[PDB]
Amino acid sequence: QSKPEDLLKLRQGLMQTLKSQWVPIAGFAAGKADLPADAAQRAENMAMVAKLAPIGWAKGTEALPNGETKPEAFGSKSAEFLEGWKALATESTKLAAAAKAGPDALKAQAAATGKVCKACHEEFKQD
């Protein structure tokens, strides 16, 4: 089963776990916060979320009530959608390594990782 509302919760829930892990790093990179001491662990977490994310968009979740994803995600642009997920896993793994190298390599790699959230939202997020 799984009520539609449970399915939207799983999808936004994975997105919220992504944001919790990311924000500390986006903020340091923007000169708005101190260097998260657990940066490498957050970016590893970000890449595990990346790998699971396609479950929140599985068959039957094409038109949940209150969903915010464009239908092209499930159809004509389904492969490019999947491809954004893979890109986030790869940049997040690179972000892990750059956290262990030092604050400046983390800042350069956070810029490349944020682009991926922004690109996919521009193309596929309704709001």
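Residue numbers here begin at 1 and follow the sequence given.
Relative to its counterpart among 85-93 and 52-60, 52-60 has the higher mean temperature factor, C-alpha atoms as listed in the PDB entry. For the pair 76-84 and 36-44, the record assigns the higher mean C-alpha temperature factor to 36-44. Of the candidates 19, 11, 107, 118, the one whose C-alpha carries the top B factor in the deposited record is 118. For residue 23, the recorded CA temperature factor ranks within the middle third of the chain's modelled residues.
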